[PDB]
Amino acid sequence: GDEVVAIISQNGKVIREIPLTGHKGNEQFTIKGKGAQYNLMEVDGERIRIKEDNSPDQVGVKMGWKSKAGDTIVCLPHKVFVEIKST
């Protein structure tokens with residue numbers, strides 16, 4: 001099948017590029033913003049989501065798990081973006 005990488009950015013600056021294909025186990029990391037802003041990122045197997053955050057709108061959290069080429073997650077107030085790209 002497809003081989004994909006998740007690109008996770010904050011204010012356009014890349015924090016992690018994470019190849020998802022073949023990934024097993026669970027990893028969590030927090031992107032800390034200005035003030036008390038945070039996003040708890042979670043990679044579980046070949047999927048990624050914002051597990052939890054204190055954004056006012058919760059749009060990115062509500063988007064849930066992503067895993068396919070072309071998928072995105074956005075948390076606009078915290079300037080966090082996830083893009084999944086085919087390699």
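Heads up: numbering here begins at 1 and tracks the sequence. The basis for the numbers below is simple: all heavy atoms, side chains too, and nothing from hydrogens, waters or symmetry mates.
- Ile7 and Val74 are members of different hydrophobic clusters when ILVMFWY side chains are connected at heavy-atom separations under 4.5 Å.
- When all heavy atoms of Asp2 and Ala69 are compared, the pair lying nearest together is OD2-CB, 3.4 Å.
- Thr72 OG1 to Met63 CE: the interatomic distance, rounded to the nearest 0.5 Å, is 6.0 Å.
- For the residue pair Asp53 and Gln58, a side-chain donor N or O sits within less than 3.5 Å of a side-chain acceptor on the partner.
- In this structure, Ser86 OG and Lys68 NZ are separated by 11.5 Å, a value rounded to the nearest 0.5 Å.
- At least one side-chain heavy atom of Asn26 sits under 4.5 Å from a side-chain heavy atom of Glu42.
- Taken to the nearest 0.5 Å, the CD atom of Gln28 stands 9.0 Å off from the CD atom of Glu52.
- The shortest distance between side-chain heavy atoms of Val82 and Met41 falls below 4.5 Å.
- No continuous path of ILVMFWY side-chain contacts below 4.5 Å connects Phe29 to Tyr38, so the two sit in separate hydrophobic clusters.
- Cluster annotation: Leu20 and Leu40 are assigned to distinct hydrophobic clusters (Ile/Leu/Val/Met/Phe/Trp/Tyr, side-chain heavy-atom contacts under 4.5 Å, transitive).
- The distance from atom CG of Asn39 to atom CG of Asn54, rounded to the nearest 0.5 Å, is 7.5 Å.
- For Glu3, the CD atom counts as loosely surrounded, since its 6.0 Å shell holds 12 or fewer non-hydrogen atoms of other residues, nucleotides or ligands.
- Nearest heavy atoms, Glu17 versus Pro19: O-CD, 3.5 Å.
- A continuous path of hydrophobic side-chain contacts links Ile50 to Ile18 [ILVMFWY only; heavy atoms under 4.5 Å].
- Side-chain contact check for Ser55 versus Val61: every heavy-atom pair is 4.5 Å or farther apart.
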For side-chain contact (heavy atoms from CB on, under 4.5 Å), just list the numbers for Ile48 and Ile8, CA-CA rounded to whole Å, side-chain angles, deciding distance to a tenth of an Å, and then say yes or no.
CA-CA 10 Å; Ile48 187 171; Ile8 303 100; 3.8 Å; yes
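- Both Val59 and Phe81 are members of a single hydrophobic cluster when ILVMFWY side chains are connected at heavy-atom separations under 4.5 Å.
- Put simply, NZ on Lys32 and CD on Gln37 are 11.0 Å apart, with the number rounded to the nearest 0.5 Å.
- Judged by distance alone, with hydrogens and angles left aside, the side-chain atoms of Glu46 form a donor-acceptor pair with the main-chain N or O of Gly22 at under 3.5 Å.
- Rounding to the nearest 0.5 angstrom, the gap separating the CZ atom in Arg16 from the CD1 atom in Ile31 is 9.5 Å.
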